[PDB]
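Asker: Okay, handing you the structure first.
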Amino acid sequence: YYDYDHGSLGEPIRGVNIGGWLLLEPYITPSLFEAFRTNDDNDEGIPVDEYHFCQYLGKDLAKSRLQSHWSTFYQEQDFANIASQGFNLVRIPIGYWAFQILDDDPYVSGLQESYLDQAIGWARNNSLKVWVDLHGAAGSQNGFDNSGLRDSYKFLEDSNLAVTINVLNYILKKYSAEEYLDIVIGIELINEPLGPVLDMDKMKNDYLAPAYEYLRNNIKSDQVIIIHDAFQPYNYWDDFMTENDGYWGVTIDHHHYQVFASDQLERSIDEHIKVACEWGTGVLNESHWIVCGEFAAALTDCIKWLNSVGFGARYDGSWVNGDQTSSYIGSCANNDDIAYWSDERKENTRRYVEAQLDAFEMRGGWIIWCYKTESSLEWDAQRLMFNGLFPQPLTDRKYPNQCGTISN
Ligand SMILES: *[C@@H]1O[C@H](CO)[C@@H](O[C@@H]2O[C@H](CO)[C@@H](O[C@@H]3O[C@H](CO[C@H]4O[C@H](CO[C@@H]5O[C@H](CO)[C@@H](O)[C@H](O)[C@@H]5O[C@H]5O[C@H](CO)[C@@H](O)[C@H](O)[C@@H]5O)[C@@H](O)[C@H](O[C@H]5O[C@H](CO)[C@@H](O)[C@H](O)[C@@H]5O[C@@H]5O[C@H](CO)[C@@H](O)[C@H](O)[C@@H]5O)[C@@H]4O)[C@@H](O)[C@H](O[C@@H]4O[C@H](CO)[C@@H](O)[C@H](O)[C@@H]4O[C@@H]4O[C@H](CO)[C@@H](O)[C@H](O)[C@@H]4O)[C@@H]3O)[C@H](O)[C@H]2NC(C)=O)[C@H](O)[C@H]1NC(C)=O
Ligand SMILES: *[C@@H]1O[C@H](CO)[C@@H](O[C@@H]2O[C@H](CO)[C@@H](O[C@@H]3O[C@H](CO[C@@H]4O[C@H](CO)[C@@H](O)[C@H](O)[C@@H]4O)[C@@H](O)[C@H](O[C@@H]4O[C@H](CO)[C@@H](O)[C@H](O)[C@@H]4O)[C@@H]3O)[C@H](O)[C@H]2NC(C)=O)[C@H](O)[C@H]1NC(C)=O
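Residue numbers for the sequence shown follow the entry's author numbering, so the first one is 41 and each next one is one higher.
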């Protein structure tokens with residue numbers, strides 16, 4: 041158990057996402073996917089997600105490459121660094137296939153759990169809390185490449201849901217045992233299910249509710265469950281698993297970004313800040329504990345493959361999907377190279393980061409998306425800190441109380 045509104049840490053959650061480790065994401069580790077390029081002029085043959093990364097290589101080759109990646113992308117050293125920087129928690133995404141695969145799944149399985157356990161040990165070793173996050177469901181819960189399978193939305197299909205549920209129960213049972221309660225203070229049932237295109241009622245009654253029942257009445261543990269907001273507006277979950285009905289230990293995970301839509305990318309720095317501050321004040325009125333499980337310093341969607349393999353960026357109007365387009369806003373040239381960042385851009389990012397931190401710390405805390413990437417700056421906590429764009433110590437402020445001074 042962990043009281044997110046009055047945490048034993050004596051401070052709000054200040055974590056980092058161990059992204060792209062146990063679940064591959066092209067923009068985080070582009071070299072793994074660039075390895076498939078045979079023509080420097082086109083993306084033909086390049087897998088768009090881990091599903092196809094495995095399918096293309098075949099079991100044996102996929103296993104050896106993944107093993108090299110899992111054993112090196114993150115090691116205990118990283119967790120020591122994380123702790124040395126003031127963070128108090130790590131969020132670890134893992135796919136359902138790590139534990140169980142569909143008859144026709146190409147995924148490498150049965151090896152990721154060992155690394156997950158090692159990381160939990162490294163976390164305990166360094167006084168870091170942990171969130172075990174089931175980041176991918178059979179058939180995909182959102183069609184994002186970060187679910188493992190892009191452009192598929194069969195999460196709630198009885199056949200798939202049965203597998204995902206069995207895996208979730210395995211996770212709930214194992215990581216809710218007494219020996220993990222002190223370090224693992226949250227198990228996220230499913231990352232970013234795409235609410236708008238899914239049957240919300242089926243997810244609630246056939247996935248979320250049963251999980252709570254299993255954990256509290258079958259396993260009988262006080263472990264806290266994390267429910268992603270499914271992209272629904274604030275207060276949407278207030279009437280779900282309420283305390284009045286005897287439910288407890290339920291935290292809503294809100295993700296916050298301002299780069300995945302043209303109108304958002306068009307905002308001035310002051311508008312970006314006003315929106316960030318409101319993300320914080322808005323949850324104060326919510327009926328459940330809450331933590332911002334993901335946010336970034338990013339103010340553009342310029343980073344290579346951020347919009348998945350084969351797609352450009354809305355920021356410089358190079359993004360197009362089907363009959364949907366984007367329009368020019370600003371340049372994406374040398375986007376992630378600090379040498380090409382103007383003083384204005386540096387200031388704006390630092391301000392944006394501070395406003396977000398202040399806002400999210402109003403209640404529950406935050407977890408920055410991505411401690412490390414191969415070449416990104418906007419999505420890389422390590423690089424942001426090195427370049428003075430992310431606070432060190434975490435309470436350091438060059439632009440204090442921005443959320444307390446807004447009007448114009
Ligand atoms: C920071 O956080 C880190 C993350 O948690 C944390 O990491 C941990 O560090 C410790 C310290 O170094 C590591 O422990 C040492 O591990 C050494 C290697 O052991 C591993 O290999 C064993 C054999 O290898 C194969 O195993 C597979 C599977 O069984 C077989 O199929 C193969 O055939 C191999 O076995 C053959 O070969 C063997 C060697 O020739 C032979 O003996 C065997 O008969 C076969 O022929 C493997 O057995 C072992 O796995 C477990 O084995 C049994 C249960 O199956 C138990 O012994 C343990 O459960 C053991 O678990 C592992 O080790 C510890 C438990 O001690 C556990 O925490 C780990 O998570 C891991 O699962 C491993 O896979 C060991 O050689 C070494 O043993 C020492 O022996 C000394 C002499 O007796 C003792 O004085 C030492 O105390 C120490 O441990 C003793 O002996 C047993 C260890 O086997 C203990 O059970 C016993 O209580 C006693 O203490 C260490 O155990 C650990 O691996 C590592 N874990 C992770 C997550 O990576 C780090 O410690 C943290 N640091 C800080 C600052 O806190
Ligand atoms: C201050 O805090 C109070 C709460 O103390 C807020 O007041 C209301 O609090 C309710 C808590 O139960 C909120 O209920 C939710 O309302 C959602 C609907 O809101 C929008 O509706 C439009 C039109 O339908 C949609 O387009 C939007 O996407 C939103 O959904 C519900 O979706 C949500 O869940 C529902 O559950 C029922 C029962 O299972 C289903 O039948 C239904 O289909 C749905 O799944 C839930 O009921 C309520 O939103 C909230 N008031 C609103 C509308 O903001 C104050 O709002 C807070 N003050 C502010 C504004 O900051």
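The beta carbon of each residue, even a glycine, is placed where N, CA and C say it ideally should be.
Ordered along the chain, which non-local residues of its own chain (more than five positions away) have a Cβ less than 7 Å from that of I211?
Answerer: Closer than 7 Å at Cβ, skipping near neighbours: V172, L174 and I227.
Asker: Among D310, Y44, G126 and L429, which one has its Cα closest to the Cα of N448?
Answerer: When only C-alpha atoms are compared, the closest one is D310.
Asker: Confirm the yes/no value for this check: CB of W419, any heavy atom of ligand 1, distance under 7 Å.
Answerer: Not so, every heavy atom of ligand 1 lies at least 7 Å from the Cβ.
Asker: What did DSSP end up calling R131 once you bin it into helix, strand or coil?
Answerer: Of the three classes helix, strand and coil, the one that applies to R131 here is strand, per DSSP.
Asker: Quick check: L434 and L424, are their CB atoms within less than 8 Å of each other?
Answerer: In this structure, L424 does not lie closer than 8 Å to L434 by Cβ.
Asker: What is the DSSP secondary structure of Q422, reduced to helix, strand or coil?
Answerer: Looking at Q422 - three-state DSSP - the assignment turns out to be helix.
Asker: Ligand 4 heavy atoms versus the CB of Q140: any closer than 7 Å?
Answerer: Ligands displayed in this structure: ligand 1 and ligand 2; ligand 4 is not among them.
Asker: Assign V360 to one of two classes, buried (16 or more other C-beta atoms within 10 Å of its C-beta) or exposed (fewer than that).
Answerer: Classification of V360: exposed, given that the 10 Å Cβ count is below 16.
Asker: Which of helix, strand or coil does DSSP assign to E334?
Answerer: If DSSP states are grouped into helix, strand and coil, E334 belongs with the strands.
Asker: Can you tell me whether DSSP reads residue 451 as helix, strand or coil?
Answerer: Nothing about residue 451 can be read from this structure; the chain reaches only from 41 to 448.
Asker: To which residues of the same chain is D420 closer than 7 Å at the C-beta, ignoring the five residues directly before and after it?
Answerer: These residues qualify, in order along the chain: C410, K412 and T413.
Asker: If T204 sits next to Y136, beta carbons under 8 Å apart, how far is it from one beta carbon to the other, in whole angstroms?
Answerer: Between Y136 and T204 the Cβ distance is about 5 Å, and since that is below 8 Å, they are a contact.
Asker: Flag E116 as yes when its Cβ comes closer than 7 Å to any non-hydrogen atom of ligand 1, and as no otherwise.
Answerer: Because some heavy atom of ligand 1 lies under 7 Å away, the Cβ of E116 counts as near it: yes.
Asker: For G161, verify whether its CB is less than 7 Å away from any heavy atom of ligand 1.
Answerer: True, at least one ligand heavy atom lies under 7 Å from that Cβ.
Asker: Quick one, which of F139, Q432 and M240 has its alpha-carbon nearest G150's?
Answerer: Of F139, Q432 and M240, the residue nearest in Cα terms is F139.
Asker: Mapping the DSSP letters down to three states, classify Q364 as helix, strand or coil.
Answerer: The answer is strand: DSSP assigns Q364 an E or B state.
Asker: Out of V237, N165 and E334, which one is the CA nearest neighbour of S124?
Answerer: Here the closest residue by C-alpha is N165.
Asker: Just to check, is the beta-carbon of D43 closer than 7 Å to a non-hydrogen atom of ligand 1?
Answerer: Not so, every heavy atom of ligand 1 lies at least 7 Å from the Cβ.
Asker: Using three-state DSSP, classify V56 as helix, strand or coil.
Answerer: Strand at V56.
Asker: Is the beta carbon of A159 closer than 8 Å to that of residue 15?
Answerer: Here the chain has residues from 41 to 448 only, and residue 15 is not among them.
Asker: Measure the C-alpha to C-alpha separation of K169 and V130 and round it to an integer number of angstroms.
Answerer: Whole-angstrom Cα-Cα distance: 6 Å.
Asker: Mind reading off the beta-carbon distance from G179 to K194? Whole number of angstroms is fine, and I expect it under 8 Å.
Answerer: With a Cβ gap of about 3 Å, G179 and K194 count as contacting.
Asker: Name the DSSP bridge partner or partners of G176?
Answerer: Note: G176 sits in a beta bridge opposite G135.
Asker: Hey, would you say the C-beta of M240 is under 7 Å away from at least one heavy atom of ligand 2?
Answerer: Yes - ligand 2 has a heavy atom lying nearer than 7 Å to the Cβ of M240.
Asker: Could you please give the first and the last residue of the uninterrupted beta strand (DSSP E) stretch that includes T291?
Answerer: Its beta strand (DSSP E) spans residues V290 to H295.
Asker: Assuming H312 and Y368 are in contact, meaning their beta carbons sit under 8 Å apart, how far apart are those beta carbons, in whole angstroms?
Answerer: Rounded, the Cβ-Cβ distance is 19 Å, inconsistent with contact.
Asker: Touch check for the segment 214-222 and the segment 236-244: three-plus C-beta pairs under 8 Å?
Answerer: Counting Cβ pairs under 8 Å, fewer than three are found: no touch.
Asker: Report the partner residues of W162 according to the DSSP bridge assignment.
Answerer: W162 pairs with nothing; no bridge assigned.
Asker: I need the DSSP call for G320, collapsed to helix, strand or coil.
Answerer: Helix.
Asker: Could you tell me if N258 is buried or exposed, where buried requires 16 or more neighbouring beta carbons within 10 angstroms of its beta carbon?
Answerer: So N258 counts as exposed.
Asker: Taking Cβ positions, are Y252 and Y287 nearer each other than 8 Å?
Answerer: Their beta carbons are under 8 Å apart, which means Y252 touches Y287 by this criterion.
Asker: Tell me whether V224 sits in a helix, a strand or coil according to DSSP, three-state version.
Answerer: Looking at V224 - three-state DSSP - the assignment turns out to be strand.
Asker: Along the beta strand (DSSP E) that carries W406, what are the first and last residues, could you check?
Answerer: Residues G405 to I408.
Asker: Classify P233 as buried or exposed, calling it buried when 16 or more other Cβ atoms lie within 10 Å of its own Cβ.
Answerer: Flag for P233 reads buried.
Asker: Determine the contact status of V264 and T282, defining contact as a CB-CB distance below 8 Å.
Answerer: It is not a contact, given that the beta carbons lie outside the stated cut-off.
Asker: Kindly indicate which three-state DSSP category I266 falls into: helix, strand or coil?
Answerer: Strand, per DSSP.
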